[PDB]
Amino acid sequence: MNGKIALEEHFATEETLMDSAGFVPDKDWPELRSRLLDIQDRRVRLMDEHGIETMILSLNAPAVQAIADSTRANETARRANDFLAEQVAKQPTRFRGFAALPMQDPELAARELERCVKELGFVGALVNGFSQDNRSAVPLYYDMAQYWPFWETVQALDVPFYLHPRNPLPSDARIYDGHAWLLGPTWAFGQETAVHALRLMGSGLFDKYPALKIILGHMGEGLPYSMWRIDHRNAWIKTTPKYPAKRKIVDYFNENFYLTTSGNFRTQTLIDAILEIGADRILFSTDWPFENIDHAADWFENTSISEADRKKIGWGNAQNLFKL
C-alpha cells in the first residue's frame, strides 16, 4: 500500500542527539545515531521502498522536557523547530512537522506553538510526557491548572497534541529498581504515558475544551484493554466519580483521543483497539528510527482488517485529521 502517512517519525539535532544514547546497546548506537540525524536521504529512500508518502517528523526524547531551565528550554525548542522547518521545506511533499514545545512555561509553549503553526506551517505538537523545571519541586504534568490557557491555545489553533513517553524519574520508579529491563518501551513508558493521559481526562480539561485532539502512540499504551474497568469497576456502588471531570473517562477517550500503531505491530492488539475505539481513530505510524520502517509497513500491509479500514488507518484518517 502506497500513499501511507506516518506520524511518529523521529529525528535528532546534534544538540539533542545524546538523549537517545541510553536506549539501545552500545554496538547499535552508531546505526541509531546515523538514522536520527538523517532526514533527506536514506529516510526518504525507505519511505519510497515501503509505501510512505508523508512522514510527520518530530524531535527525539526527552529532549526539551528534560531541559530544566525554562529559558534554555525555549531557546532549544526554537532552534529545533527552525531546523525542522528548513528540513521540511527541502522536500515539502514528503514531510510535515510537529512542534517541540517548552512546556516548562505554559505561556512560552503557547507562543511557540502559535509561531510553529502560523509561521512554520507545522501540523501539531509532540511532547515527551512530564516536564522538568528548576522552579518546580515536582515534575510538571499537563492536567495542572497553569496549563489551561495553553490548552485553550491548542484548541483555538485546532491542531493535535501527541503525548509521547518518557521514563518516570528515579524516585518515581523504585518498583523498577534492580529491574532496568522494564524501563523504556518494554513497559515503563506505557505506564507513564497512560497515567498522564488519564490525568488529562479526569481533570475535566475536555469538558472545558471539548474540541481538543490528543494522540497516543503504541496503540494507546494499554488503555483500550482496561478502559471498561477504568469506569465500571465496582459497578454495584452507585456514586459520583471522585475526579473533577463531569462524564465517564471513556467518553473523553472516545471523543478526544487518537491512537497510532507505533512500536505495537500486533494484530490482536489492533483488533482490540478497533472494537473499543474504532478504526476511524487509529493511525498508521512506525516510530522510526527506534523501530524499522520495513517491519512496521510489512506488518500493517497484511494485518487482518477490512481493506476499507486499512485505507483509513494507512492515510485516510490522517489526511482528515491534519487537513492534508
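Sequential numbering from 1, following the sequence displayed.
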query: Stretch with the greater mean C-alpha B-factor as recorded in the entry, comparing 179-187 against 138-146; finding: 138-146
query: Between 195-203 and 88-96 (mean CA B-factor, as deposited), the higher; finding: 88-96
query: Out of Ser226, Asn254, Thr240, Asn128, highest CA B-factor residue; finding: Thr240
query: C-alpha B-factor winner, where the candidates are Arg72, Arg166, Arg233, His218; finding: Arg72
query: Assigned third (lowest, middle, highest) for the C-alpha B factor of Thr16; finding: highest
query: B-factor third for the C-alpha atom of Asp28 within its chain; finding: highest
query: For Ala110, the third of its chain into which the C-alpha B factor falls; finding: highest
query: Relative C-alpha B-factor of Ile67, binned into the chain's lowest, middle or highest third; finding: highest
query: Entry-reported Cα temperature factor of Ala211, expressed as the chain third it lands in; finding: middle
